[PDB]
Amino acid sequence: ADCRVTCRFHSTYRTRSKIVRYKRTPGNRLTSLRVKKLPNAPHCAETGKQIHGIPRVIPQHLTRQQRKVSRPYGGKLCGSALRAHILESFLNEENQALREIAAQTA
Amino acid sequence: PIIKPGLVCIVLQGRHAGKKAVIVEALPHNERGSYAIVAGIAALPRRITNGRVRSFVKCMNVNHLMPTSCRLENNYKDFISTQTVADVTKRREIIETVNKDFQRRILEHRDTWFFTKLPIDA
Amino acid sequence: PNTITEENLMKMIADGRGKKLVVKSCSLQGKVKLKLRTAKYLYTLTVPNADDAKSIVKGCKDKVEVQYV
Amino acid sequence: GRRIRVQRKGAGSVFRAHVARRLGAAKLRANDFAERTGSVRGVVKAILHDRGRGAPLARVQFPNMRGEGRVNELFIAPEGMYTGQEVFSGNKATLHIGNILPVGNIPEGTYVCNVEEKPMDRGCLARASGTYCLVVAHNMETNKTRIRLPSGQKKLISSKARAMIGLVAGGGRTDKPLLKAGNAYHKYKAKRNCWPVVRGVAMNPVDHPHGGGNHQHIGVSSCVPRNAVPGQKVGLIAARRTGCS
Amino acid sequence: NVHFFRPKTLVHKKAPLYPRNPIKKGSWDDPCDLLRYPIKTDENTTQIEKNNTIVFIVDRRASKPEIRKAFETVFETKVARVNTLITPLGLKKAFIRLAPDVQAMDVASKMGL
Amino acid sequence: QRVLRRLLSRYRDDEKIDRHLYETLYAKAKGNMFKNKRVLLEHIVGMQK
Amino acid sequence: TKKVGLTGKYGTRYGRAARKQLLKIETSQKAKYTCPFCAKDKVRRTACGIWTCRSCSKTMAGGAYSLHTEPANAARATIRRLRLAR
RNA sequence: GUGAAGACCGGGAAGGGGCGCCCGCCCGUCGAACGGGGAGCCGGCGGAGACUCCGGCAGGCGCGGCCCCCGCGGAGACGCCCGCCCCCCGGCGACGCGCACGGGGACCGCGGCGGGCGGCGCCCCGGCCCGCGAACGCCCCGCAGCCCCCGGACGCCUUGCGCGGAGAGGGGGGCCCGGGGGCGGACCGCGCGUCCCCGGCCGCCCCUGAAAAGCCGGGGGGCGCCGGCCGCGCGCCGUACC
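Presented here is an overview of the structure given in this document.

### As for the overall build of chain G
Item 1. From N to C terminus, chain G includes two helices and three strands.
Item 2. The helix and strand sequence of chain G, counted from the amino end, reads α-β-β-β-α.
Item 3. For 86 residues, the compact-globule estimate of 2.2 N^0.38 gives 12 Å, and the C-alpha radius of gyration of chain G, at 17 Å, exceeds that figure by more than 25%.
Item 4. Here the C-alpha coordinates of chain G stretch approximately 55 × 30 × 20 Å along the principal axes.
Item 5. Buried positions account for 40% of the 86 residues belonging to chain G.
Item 6. Within chain G, residue pairs in contact and separated by at least 24 positions form 14% of the contacts whose partners lie at least 6 positions apart.
Item 7. Total accessible area computed for chain G in this model is approximately 5,100 Å², and 53% of it derives from carbon and sulfur atoms.

Structure follows, in structure tokens:
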């Protein structure tokens, strides 16, 4: 009939942390259950996009395998950024090799 | 026609990204597109020392590799094959043969570029 | 408060680690709720028929204190 | 006998800059042996907004010449700087927008921004939106250069002073009418407590020199001498002339 | 580095020529002095009967490990948990739950409670 | 709009209408030409004939 | 719908001069410009001087109400000629 | 540093940490019982107390014992039984407002059935009340979004849009999703709304909407960890009532 719910926190001030979802308990009473802020997943250093593969849970409670991605530069970068960094390093070395080294020969 | 057996390429996608790799076979272009069997270096010999070279054999998509000028003449067609590597088991022995063949080449101061690491810097 | 998947896993916990108090429960009515308590969690195996449940309890012996409700 | 608002403003209570959430102090990269000898290189990582500045700032990463890391600098963005641009800096820098070159090295007629008045000052002139300076003349006997300041005054500065090629981005910002008093409240909340502005004529004799009579008049000439003491230097100061023309 | 830093001098141990505190004496952490008086209420008779808990007024400066160690030392009986409140009237009051093996009514009887 | 777009997509998926007819009809649905599902369906019968 | 196209928000307020000036500047501020880098008309303004391509994904410094400005177009052109000379 | 002082002002100062040996300019164990933060739920019990007691059921963080001991799979996106320090490079913490639009939860409502009532001069299968399922562990699903592979286009789509030779459509996949379902912990259907949270947008600014502890990746170096299991521990203060 009435479902007031009162408050489950030290202070009533409803900040982003103090938000509560409501469920019915096994004893037929309404329970404020705190809904915590979902932290974001790691985001790529370049690009700024979310890195794929890591769940949005704090990395403290995410084991080691679930907080990692199997690639070189797996968590710092996404694949496309790494594919571009690799190519720059190969292409740039070869630019000195086919320009400055080719100039030494010619 | 750049893709050729005997061609060093840099893996640009995958767990083996940024690693050099030599093509043992250029696969028939199929519905899956163009793949190639590449035998490369997963972990370089070792650090400064005063030990061994891990290797990978896999059918990578040619569109995930960068053709480089570097050469290499590893026969490999004798053991590495489409039926081999695809077969689970037997392939581990071919990785072990390639590991040794590479360690031999480092110890004779051979193929320095293939056995050197590309310096990706973030 | 998980479910012990398959009786062998329920048995490997019996000898290797702790089975503390088991509660063989008859209810669904008649399906047997075998609630093994280990220090970390309470694991439940529901057997569809009682004869199997007595055989599962008979598989265990003096290793685990057994209660019935 | 009340201290006037200009007198109160110097104390800084309630009248200091609203510096919160400001990105930092924008300046050129400090001069180092690498710049004096040749050119360093920085990628542009972010073009951002500073709270009171009407011009974008820029985050450019530079190799740490002293050690092993990457040093990030805050640069007034010249118009045309794009993310991923190569900003070179130094005495061997090429003439492209964003590059920092010593002023002597810059050919004449080049619009320049964030110019140093004295060498090694990391930027002092030409920093506001759209504003620029111009290379005018190089005296290779005095090693000095004439720069046309944004006000049109011309200043001899050492040829070893550094400036960024280009003109500050944000051009044409003041063209738009503020239109609303709220549009202006937002402009000044980001800057300082300088608004709303009350006229002395409205005020009482104790609050202001223009003060208060029966008919809201200034009562004496607005023009005040250059040596008028603190509370009296209110109005037009040392006016060479007055009036529209 | 380019920084001149103070250069690693010896740093000695304090060696007082006379003892600053000669006789070592004092404190309030006597096991018998931390425990003050057990509180007799009808409400608390039920607590030793069902919750195996004896409630004691203790010294305000006593941490819960101290209340446990001294109950164990003075009454010679194990303790499972101590829950402590400083009372509105200023005195700490510890609810001490004797271990499941120990029976509180026996300890209360020996206490005289 | 959802009712009209669903019917039009279903017809394009079923290949009853061609890719260009779907887009011409899709655009006229945004333009208010069809008052209801029946009006769109009749228009399609004349359009297909 | 007629003379005051985007300045209808203001209503009968602020006077004709301000509304006419706003109509030129506000149309320019809200416009879509071509990315120099990706050559697609998806550059839009995030803040005064900050213009971001929504396809190229590149942020470029620009005029407060236009990606490029008349003084700046002159400056790039003078710089190229002077750079070609030196 | 300065002032007769009381006192006021302040980087230019031989300002620390490891380890018995290198590294290192230079402050905040100040400031928030509304911000950040490692982790709590249900059922009961008292004259006065409960996220606090008690019973269950979990979770976090350390510490000791005991065992084990170093990478694989995928074409890729990534998937899996998971290593540490030092220096760098990052990430999370970490964030504006608004119209809409969708998706969840709680509430509400309407039916059926099952259990109780009340009224009744007439009618009444038409009135009232009750029918409960938490944190948490798994396994599966989850729009939009973001990525992969094939391949090479006048198409694909929203309420509004938007998108595509810098790769659309199509066909197959990956990832994230404060969520739902199943099984544990332990009455069934259907609906329009209300509130709250969220999602992808789109709009807006001469306004661009905190930080740091703490935690964690990655590169390079140096080292070898790590896991599993079983015990144990968790101190200090606030807690009545208005």
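Structure's up, so let's keep going.
### Remarks on the layout of surface pockets
Any empty space left between atoms is shown by rolling a water-sized probe over those atoms.
Item 1. Reported here for the largest pocket is a volume of approximately 1,400 Å³.
Item 2. Taken together, 36 residues form the lining of the largest pocket, with A:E46, A:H85, A:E88, D:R41 and D:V43 sitting closest to its centre.
Item 3. Mapped by element, the contributors of at least two residues to the lining of the largest pocket are α1 (79-98) of chain A together with β1 (39-49) and β2 (56-63) of chain D.
Item 4. At nine residues, α1(A) tops the list of elements feeding residues into the lining of the largest pocket.
Item 5. Looking at the lining of the largest pocket residue by residue, the classes come out as 13 nonpolar, 11 polar and 12 charged.
Item 6. Estimates place the volume of the second largest pocket at around 640 Å³.
Item 7. If you trace the second largest pocket, you find 20 residues lining it, with D:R173, D:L178, D:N183, D:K187 and G:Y65 closest to the centre.
Item 8. Elements supplying a minimum of two residues to the lining of the second largest pocket: α3 (181-189) of chain D together with β1 (43-47) of chain G.

### Points about the protein's contact with RNA strand H
Item 1. The environment of RNA strand H is made up of 141 residues, and the closest members are A:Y73, D:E68, F:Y26, G:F37 and G:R45.
Item 2. Backbone sugar and phosphate groups make up 73% of those atoms of RNA strand H lying within 4 Å of the protein.
Item 3. In the model, a phosphate oxygen of RNA strand H is placed 3.2 Å from a nitrogen or oxygen of the A:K18 side chain.
Item 4. Here B:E31 contributes a backbone N or O atom positioned 3.3 Å from a sugar or linking oxygen of RNA strand H.
Item 5. With six residues, helix α2 (residues 19-30) of chain F is the largest single contributor of residues to the surface near RNA strand H.
Item 6. Of the residues contributing to the surface near RNA strand H, the split by class is 38 nonpolar, 45 polar and 58 charged.

### Quick look at the sheet that holds strand β2 (residues 50-53) of chain G
All names here are of chain G.
Item 1. What the three strands build is an open sheet, ordered β1-β2-β3; its pairing is antiparallel. Both outer strands of the open sheet, β1 and β3 (59-61), are each paired with one neighbouring strand and no more. Between one strand axis and the next, the sheet turns by 35 degrees as a mean value, whatever way the strands run.
Item 2. Here β1 runs beside β2; their pairing, made up of four bridges, is antiparallel. Looking at the pairing, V43 lines up with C53 of β2.

### Some remarks on empty space enclosed by the protein
Item 1. Roughly 60 Å³ of volume is contained in the largest cavity.
Item 2. What lines the largest cavity is B:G18, B:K19, B:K20, B:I41, B:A42, B:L44, B:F114, B:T116, B:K117 and B:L118.

### Quick notes on the packing of aromatic side chains
Item 1. If you walk through the whole model with that rule in mind, you get 17 aromatic pairs over all chains.
Item 2. Look at D:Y82 and G:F37: their rings are 4.7 Å apart centre to centre, the planes differ by 45 degrees, and that puts the pair in the tilted class. Linking D:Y82 in the loop between β3 (70-76) and β4 (86-90) with G:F37 in the loop between α1 (15-29) and β1, this pair reaches from one chain into another.
Item 3. D:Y82 sits in the partly exposed class, given a relative accessible area of 28%.
Item 4. Between E:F71 and E:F75, the ring centres sit 4.7 Å apart and the planes meet at 45 degrees, which makes this aromatic pair tilted. Pair noted here: E:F71 and E:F75 are both in helix α3 (residues 64-75), with a separation of four residues, about one helical turn.
Item 5. The class for E:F71 is buried, based on a relative accessible area of 0%.
Item 6. These aromatic residues form a ring-pair network of at least three members: B:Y76, B:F79, B:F102, B:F114 and B:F115.
Item 7. Cation over ring: B:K20 sits above B:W113, and NZ or CZ is 3.6 Å from the ring centre.
Item 8. Looking at D:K176, its charged tip hangs above the ring of G:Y65, at a distance of 5.1 Å from the centre.

About the criteria used
- Residues numbered from 1 in each chain as written, not as in the entry; some residues may be left out.
- Chains lettered and ligands numbered in written order.
- Part of a larger assembly, values for the part shown.
- Heavy atoms only, no water.
- Helix = DSSP H or I, 4+ residues; strand = E, 2+ residues; numbered from the N terminus.
- Rg over C-alpha atoms; globule rule 2.2 N^0.38 Å.
- Buried < 20%, exposed > 50% of the residue type's maximum accessible area, 1.4 Å probe, protein only.
- Contact = heavy atoms within 4.5 Å.
- Areas by Shrake-Rupley, 256 points an atom, 1.4 Å probe, with all protein chains shown as cover.
- 1 Å grid on protein atoms, 1.4 Å probe; cavity = no way out; pocket = protein on both sides within 12 Å on 5 of 7 lines; lining within 4 Å.
- Points joined across faces, edges and corners; volume = space filled by probe spheres on them.
- Nonpolar A, V, L, I, M, F, W, Y, C, P; charged D, E, K, R; others polar.
- Near = heavy atom within 4 Å.
- Polar contact = N/O pair within 3.5 Å; in protein donor to acceptor, adjacent residues only side chain to side chain.
- Pairing = 2+ DSSP bridges.
- Axes fitted to C-alpha atoms, helices over the stretch in contact; angles between N-to-C directions.
- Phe/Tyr/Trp six-rings, centres within 6.5 Å; stacked < 30°, edge-to-face > 60°.
- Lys NZ or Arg CZ within 6 Å of the ring centre and 35° of its normal.

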